[PDB]
Structures are given as C-alpha cells and as structure tokens.
C-alpha cells in the first residue's frame, strides 16, 4: 500500500505565492484520496501492490482491463502530486548545467518560460504542464487529468522523463486566483525548486 508522503516544508512555506489553505486541502484531501483509491484497487492485485508508483505507471498495459483506468487516474494522481511537492521551494535559483541545457534547447530562459506558460495556459480542462527530458533534449509538454509522460505516448500523448511540472487542475489555484490561471502560472516561478529540478536533470532516471 502507498502512503501519503509528508511535505518537505510547512503548509504556509510557499506564502505569499501559493496560499496556505490550498496547500493543506490539496495535500490532505486531494492527494489523500488518490492514495486511498489506488490502495483499494491494489488490494486485489498482490503482484502489483509491491511496486513503487513511478514504476507502476510505466506498466499500465500489463494490468487487468478492469483495473487499468482506476490505476491510471489514481496512481497517476499519487505519482504526480508526489513529484509536485518535492518540486516546490522558495529561494532557489536556476544555475549550472540545467540552465545551460535550457538555454541550449530553448534559446534563453525567457523563451523557455514563455513556452512553459503557453503550454500551461492552453491545457483545456484538467491537467499538468511539464518540462521533460527526451533524446538528450529538453521539451515542454502537457497531459490531461492525472496522466504523466512516464506512462508513454500511447496513453498520455506525451513521453520523456519529468524534470519539473505544474498542476493546472482548478483545485490547485481556485481559492486564491479563481479563473485567473495566468496569475497562478506567473506566481509559480517564485516557487519552482530549481535545486530539485537540477538534481533530477543530473540523475536522468
């Protein structure tokens, strides 16, 4: 069974960018539900229940047909949110190899930001925007609902190893921003953990 990971900071630690109320509800209610639902479907599947969630989502085709959608949605939700909490932190700065790779692949940091913002704003309905690594090149992509690029192109419509991501479901920003998703996206640049992003970039897997 999966368990809900504890946050690596307090609930008010991303203030004044991301609000304290949302952080608590997003973690304790939304993420908790995905963990609960994934665990429930997994009770009947002992062969898969032992796996790490990031590994389980790359093997959705191996699952039984009646379990596939529920695990794609819930284990996808667990994997995405787990990555999300680790990818947030105040006071980091984009530097080094990651910064150089971004400038190499996007022209400049500003071009990268514009491309990321455009992907994040254009995802209609629920979803996520991602900065992924693929073919030794960085790229910006987006997925629907709780799909991840780790699931592969056939399922998610995208692929590659996620370096960093932004949750664009309405629950992530509604309490503070309401319909103003672009304000939320602009505010995200203040809280992206560049240290963690650099760490994932260095690791590659």
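Residue numbers count along the first chain shown, from 1.
- When the C-alpha B-factors of 75 to 83 and 131 to 139 are averaged, 131 to 139 comes out higher.
- In this entry, 58 to 66 shows the higher mean Cα temperature factor of the pair 58 to 66 and 151 to 159.
- Per the PDB entry, 44 shows the highest C-alpha temperature factor of the residues 32, 44, 39, 178.
- Residue 122 sits in the middle third of its chain by CA B factor, as recorded in the PDB entry.
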